[PDB]
Amino acid sequence: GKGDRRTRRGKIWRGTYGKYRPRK
Amino acid sequence: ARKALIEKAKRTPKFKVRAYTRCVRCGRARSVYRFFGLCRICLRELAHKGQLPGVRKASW
Amino acid sequence: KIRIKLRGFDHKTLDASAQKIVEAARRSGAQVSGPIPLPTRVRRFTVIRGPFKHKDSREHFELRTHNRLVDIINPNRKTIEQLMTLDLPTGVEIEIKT
Amino acid sequence: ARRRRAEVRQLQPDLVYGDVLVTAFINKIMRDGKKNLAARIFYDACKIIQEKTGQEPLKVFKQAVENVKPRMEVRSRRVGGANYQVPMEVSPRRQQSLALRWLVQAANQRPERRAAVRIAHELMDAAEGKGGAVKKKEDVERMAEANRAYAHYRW
Amino acid sequence: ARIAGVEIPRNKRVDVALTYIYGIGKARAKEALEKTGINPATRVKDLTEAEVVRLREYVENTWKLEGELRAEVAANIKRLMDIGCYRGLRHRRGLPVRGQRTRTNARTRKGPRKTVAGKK
Amino acid sequence: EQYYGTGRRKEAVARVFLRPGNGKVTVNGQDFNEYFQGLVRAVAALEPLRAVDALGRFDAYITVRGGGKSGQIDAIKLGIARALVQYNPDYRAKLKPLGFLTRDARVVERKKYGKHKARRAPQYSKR
Amino acid sequence: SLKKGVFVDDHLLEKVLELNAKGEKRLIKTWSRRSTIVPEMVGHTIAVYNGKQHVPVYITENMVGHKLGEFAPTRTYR
RNA sequence: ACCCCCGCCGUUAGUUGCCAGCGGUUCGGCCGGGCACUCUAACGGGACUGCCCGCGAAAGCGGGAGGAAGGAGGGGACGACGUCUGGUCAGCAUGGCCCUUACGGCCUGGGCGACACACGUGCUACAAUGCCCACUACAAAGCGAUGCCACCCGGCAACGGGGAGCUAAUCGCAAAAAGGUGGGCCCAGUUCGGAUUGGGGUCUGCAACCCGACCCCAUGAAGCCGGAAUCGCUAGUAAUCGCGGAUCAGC
RNA sequence: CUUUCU
Ligand SMILES: NC[C@@H]1O[C@H](O[C@H]2[C@@H](O)[C@H](O[C@@H]3[C@@H](O)[C@H](N)C[C@H](N)[C@H]3O[C@H]3O[C@H](CO)[C@@H](O)[C@H](O)[C@H]3N)O[C@@H]2CO)[C@H](N)[C@@H](O)[C@@H]1O
Ligand SMILES: [Mg+2]
Ligand SMILES: [Mg+2]
Ligand SMILES: [Mg+2]
Ligand SMILES: [Mg+2]
Ligand SMILES: [Mg+2]
Ligand SMILES: [Mg+2]
Ligand SMILES: [Mg+2]
Ligand SMILES: [Mg+2]
Ligand SMILES: [Mg+2]
Ligand SMILES: [Mg+2]
């Protein structure tokens, strides 16, 4: 999970934001 | 090299990203706290002496 | 109407310096919302003790900016005398606002 | 424990049936500090005891445990040459811990895909006397006693 | 049923099942399941021939896939051989391509391990 | 008209006001059961009431901010207890033996340098 | 990877453009491996420094998007 | 022991706290108003084996009450004479020896990033006590005017346009995540896992081939819990979940 | 248990 850029969790861990984790 | 270089790092350079920090005492590139211009070493030193104001042994 | 922020590294030279600004406005004027102590900004620095490799083993330093606040509501000129230049700043900061 | 004999960590009674032994179990169920999910499971499992029998869950669990407690075990032992398996009686604490340890390991060996179920069936099977827990146990009581020649150490 | 190249997804949800094509990930599946207006939850097993067509037509024509790709990608790397670029060697050598370390790791791109000798 | 206890447990503080009569409990402008929803542990926070038979012969209004929900629960547990002792000298005899009155000063211990985590040390090889 | 320029060294361009106005030279050597090969400035032979010497990289059409140093490999037997 | 942090209470203090009380509320402590409470930060109090039972010559030991807290309450800071000819002359300082159109200097470029291999420390896993998607306040240390960027709009997005507030308990980074509520997957090398690789982009920077991070499409490797060996942890610990900082253009 | 050498 945490290692997957295309999950939401992958994003969190990576600190990033994107399609798979939007800013509200 | 550490003389020709304490000198070079003060010169304003072509491109600001060639720029960098240096312990203004102990003339040194690495672990250089920007709030002081001070190398972790030449710093623990002053911090001990009382020559860094309000700075104190943290203990919590 | 008048607002004064007080910074400083030393907590005795605020609870002193700015608790004497409570007498130099109460005696020579009107109302004061007493000295109010603010959240302090702790800075912590963490240093490898030795000059060369001993990466576990460190020393821990903080640098603690204490903040205090005072508010005076009625601007007399009987007050802005001590509160103008009857000077005892020492190692203290002075912010003056309205 | 070189100095003292260690205080038996004393446990919050149960939120629901009011019993200490239950928290103990919920705790062995619990991973990574997730007491909530752990407790859902044990309660969800207690509800599966209801629907699949007119039995009160509490006294199923009680009596399952009582069936998984070993009487004797074999602790390994140096004899200035050889290590032998030495049979000896089992502290009431250790009875109780090993029981609940095995209940949950037994539970999680099962096929059923959902934790509350595995917990439930294993419990059922155990009160009856035929859970995987009880085999991992008659296995122990067997091995001690099948080493009864060395009962003349005990240390 | 059969969709592209020669693929036959089956029995599972379509969103999943589309994935079974070389060219379809979880994303391109969403795209083509609303651009044809098919509920994604429906199993392939039970989804209209009218739906299968809508789908099949969009897919084969919207973007390059299965086998066409397989040969394209292969031809990009062939192209990287050219007169002889850097990423060329790397593909030529069976070594990593994206600026990674090789002193350790790099196993995904290398023959399991080829252990040797050494030392006195 | 009013009853008060301040609860704390581990970064959580519990501002607790009891009232006479009904039985129902507000927490941060919310029913107890919709705030502590799903959280098995919650029924413990009111354990002080069941102790003295206050069951539901009081309402309660509670603000509770800080820390965490298991913490909040225990903070309350404490307020609720500190509240009704301050509305009955005699509510020690039942509430102290079960120590709903104790603070419980167990708190997150500090990350140390050298260590990974307070105590978890790093890992020897010696080879 | 950029999109507002191709960040190519003028000292090379300038020397290549003002060779294209009549210019078919091979003794064109550079140290700017960091510059993109620019729209069809092909045909020519640029020698690129790997940090030890210049290597003649013959520049053709298929390889235009790329950088120059992609053809001056810096390390030996890899 | 004398010092700092954390547990309980008191005093002093009201641009952070509040229907706690009552009033108005476009129902956001937002508005007049109020420090009660919470907190913030300064100063005090509090614990002494002082009190009760038992043992003891005594120190002290077991138990009990009161108390937020007992018998070192919990975490720091704090390292005897000395040991290792330990470590560092590459932080600095410094005795001696050696280089002085070079063992000094400046630059561009490459290298410190090599890869047939071996080891240490780590991350992500190998799944259903789980994975995915949506909704849903748990709260808790720090940073921010060559800065933190709310809010609008364009872009699937990274990011790009604009643009308010904040020298910051006032404004921003900030979503905490685990949890909770619903929905999906149904035990599959899988909707587990996210290596590798093709392609398209964004940003910092003179410049991202050798060498950056990020986003998006595609591609989905090994991996089904690990041989002999072997590591940490005794409680708010381990286990697990996110959050901040320093250095720093970016990483 | 086990331990020759260094
Ligand atoms: N000021 C020096 C610093 O102290 C550090 O802390 C060290 C010690 O003070 C600390 O304590 C030791 C521990 O080392 C050792 N392996 C086991 C022992 N039980 C610990 O002692 C423990 O108990 C004592 C007294 O009860 C405490 O005061 C002590 O700090 C605590 N860590 O553990 C650390 C080393 O294992 C480091 N020694 C050192 O890197 C650093 O220089
Ligand atoms: Mg995945
Ligand atoms: Mg730099
Ligand atoms: Mg380390
Ligand atoms: Mg922790
Ligand atoms: Mg080689
Ligand atoms: Mg030596
Ligand atoms: Mg150079
Ligand atoms: Mg290196
Ligand atoms: Mg499997
Ligand atoms: Mg010999």
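Residues numbered from 1 in each chain as written, not as in the entry; some residues may be left out. Chains lettered and ligands numbered in written order. Part of a larger assembly, values for the part shown. Heavy atoms only, no water.

- Its PDB header attributes the entry to X-ray crystallography and lists the resolution as 3.1000 Å.

- By the naming in the PDB entry, chain F goes by 30S Ribosomal protein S9 and is assigned to Thermus thermophilus.
- Taken directly from UniProt, the Function text for chain F runs: "Part of the top of the head of the 30S subunit. The C-terminal region penetrates the head emerging in the P-site where it contacts tRNA."
- According to the UniProt record, the Sequence similarities comment for chain F is "Belongs to the universal ribosomal protein uS9 family." (UniProt positions renumbered as here; feature names shortened; annotations may be inferred.)

- As recorded by the PDB entry, chain C carries the name 30S Ribosomal protein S10 and is attributed to Thermus thermophilus.
- In its Sequence similarities section, the UniProt entry covering chain C states "Belongs to the universal ribosomal protein uS10 family."

1. Digging into the overall build of chain F
Right, so step 1: In terms of helices and strands, chain F carries four helices and four strands.
Right, so step 2: Its helices and strands in sequence order give chain F the pattern β-β-β-α-α-β-α-α, from N to C terminus.
Right, so step 3: Computed over the C-alpha atoms, the radius of gyration of chain F is 18 Å, more than 25% above the 14 Å expected from 2.2 N^0.38 for a compact globule of 127 residues.
Right, so step 4: Oriented by its inertia axes, the alpha-carbon framework of chain F measures out at about 70 × 30 × 20 Å.
Right, so step 5: Counting across all 127 residues of chain F, residues that qualify as buried make up 36%.
Right, so step 6: Split by element, the accessible area of chain F, about 8,100 Å² in all, is 48% carbon and sulfur.
Right, so step 7: Taking the average location of the 27 positive side-chain charges in chain F and that of its 11 negative ones, the two points are 14 Å from each other. (Helix = DSSP H or I, 4+ residues; strand = E, 2+ residues; numbered from the N terminus. Rg over C-alpha atoms; globule rule 2.2 N^0.38 Å. Buried < 20%, exposed > 50% of the residue type's maximum accessible area, 1.4 Å probe, protein only. Areas by Shrake-Rupley, 256 points an atom, 1.4 Å probe, with all protein chains shown as cover. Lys, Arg positive; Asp, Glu negative; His and termini not counted. Charge placed at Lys NZ, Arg CZ, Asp CG, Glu CD.)

2. As for the protein's contact with RNA strand I
Right, so step 1: Lining the immediate surroundings of RNA strand I are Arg78(D), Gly80(D) and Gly81(D).
Right, so step 2: Here, RNA strand I places atoms within 4 Å of the protein, and 45% of those atoms are sugar or phosphate. (Near = heavy atom within 4 Å.)

3. Here we look at the interface of chain C and chain B
Right, so step 1: With 17 residues of chain C in contact, the opposing surface of chain B contributes 15 residues.
Right, so step 2: Both faces combined, the contact of chain C with chain B buries some 1,700 Å², and carbon together with sulfur accounts for 63% of it.
Right, so step 3: If you sort the residues of chain C by the area they bury against chain B, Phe45(C), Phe61(C) and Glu62(C) come out on top, with a joint share of 31%.
Right, so step 4: In this assembly, chain C and chain B are joined by two salt bridges.
Right, so step 5: Between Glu59(C) and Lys57(B) there is a salt bridge, and its shortest N-O distance comes to 2.8 Å.
Right, so step 6: Those elements that place two or more of their residues in the side of chain C that touches chain B are β3 (45-48) and β4 (58-63) of chain C.
Right, so step 7: No other element matches β4(C), which puts five residues into the side of chain C that touches chain B.
Right, so step 8: Strand direction decides the pairing type here: strand β3 (residues 55-57) of chain B and β4(C), joined by three bridges, are antiparallel. Bridge assignment links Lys57(B) to a residue of β4(C), and that residue is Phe61(C). (Contact = heavy atoms within 4.5 Å. Buried area = accessible area lost by both parts, 1.4 Å probe. Salt bridge = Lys/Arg side-chain N within 4 Å of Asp/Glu carboxyl O. Pairing = 2+ DSSP bridges.)

4. Thoughts on unusual backbone geometry
Right, so step 1: The residue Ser57(C) is not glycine, and still its phi comes out positive at about 65°.
Right, so step 2: Relative to the helices and strands, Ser57(C) resides in the loop between β3 and β4.
Right, so step 3: For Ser57(C), a relative accessible area of 33% puts it in the partly exposed group.
Right, so step 4: Unlike most non-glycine residues, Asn28(F) shows phi in positive territory, near 55°.
Right, so step 5: Mapped onto the elements of the fold, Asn28(F) is located in the loop between β3 (25-27) and α1 (32-35).

5. Some words on the arrangement of the chains
Right, so step 1: Counting contacts across all six pairs of chains that touch, the top-ranked interface belongs to chains B and C.
Right, so step 2: Nothing in chain A touches chain B, and the closest approach of their C-alpha atoms is 25 Å.
Right, so step 3: With no contact between them, chain C and chain G keep their nearest C-alpha atoms 32 Å apart.

6. Some details on the protein's contact with RNA strand H
Right, so step 1: The environment of RNA strand H is made up of 185 residues, and the closest members are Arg49(C), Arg113(D), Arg107(E), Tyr4(F) and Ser1(G).
Right, so step 2: The share of sugar and phosphate among atoms of RNA strand H within 4 Å of the protein is 77%.
Right, so step 3: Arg90(E) is positioned with one of its side-chain polar atoms (N or O) 2.9 Å from a phosphate oxygen of RNA strand H.
Right, so step 4: Here a base oxygen of RNA strand H and a side-chain polar atom of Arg33(G) are 2.8 Å apart.
Right, so step 5: With nine residues, strand β2 (residues 32-41) of chain C is the single largest residue contributor to the surface near RNA strand H.
Right, so step 6: The residue inventory of the surface near RNA strand H, partitioned by class, reads 58 nonpolar, 43 polar and 84 charged. (Polar contact = N/O pair within 3.5 Å; in protein donor to acceptor, adjacent residues only side chain to side chain. Nonpolar A, V, L, I, M, F, W, Y, C, P; charged D, E, K, R; others polar.)

7. Notes on the state of the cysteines
Residue and element names in this part refer to chain B.
Right, so step 1: If you walk through the whole model with that rule in mind, you get six disulfides over all chains.
Right, so step 2: One disulfide bridge connects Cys23 with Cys42, the sulfur atoms lying 1.9 Å from each other. Linking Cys23 in the loop between α1 (4-8) and β1 (32-33) with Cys42 in helix α2 (residues 41-49), this pair joins segments that are 19 residues apart in sequence. Residues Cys23 and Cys42 agree in their burial class; the two are buried. (Disulfide = S-S within 2.5 Å.)

8. Describing empty space enclosed by the protein
All names here are of chain G.
Right, so step 1: Counted under the stated rule, the structure contains four cavities of 30 Å³ or more.
Right, so step 2: Put simply, the largest cavity is a space of about 140 Å³.
Right, so step 3: Looking at the largest cavity, the residues that line it are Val8, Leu12, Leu13, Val16, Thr36, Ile37, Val38, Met41, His44, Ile46, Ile59 and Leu68.
Right, so step 4: Classifying every residue of the lining of the largest cavity gives ten nonpolar, two polar and no charged.
Right, so step 5: Its boundaries defined by the atoms lining it, the second largest cavity holds a volume of some 70 Å³.
Right, so step 6: Lining of the second largest cavity is provided by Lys15, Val16, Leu19, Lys25, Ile28, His44 and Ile46.
Right, so step 7: Per element, the largest residue contribution to the lining of the second largest cavity is three residues, and it comes from helix α1 (residues 10-20). (1 Å grid on protein atoms, 1.4 Å probe; cavity = no way out; pocket = protein on both sides within 12 Å on 5 of 7 lines; lining within 4 Å. Points joined across faces, edges and corners; volume = space filled by probe spheres on them.)

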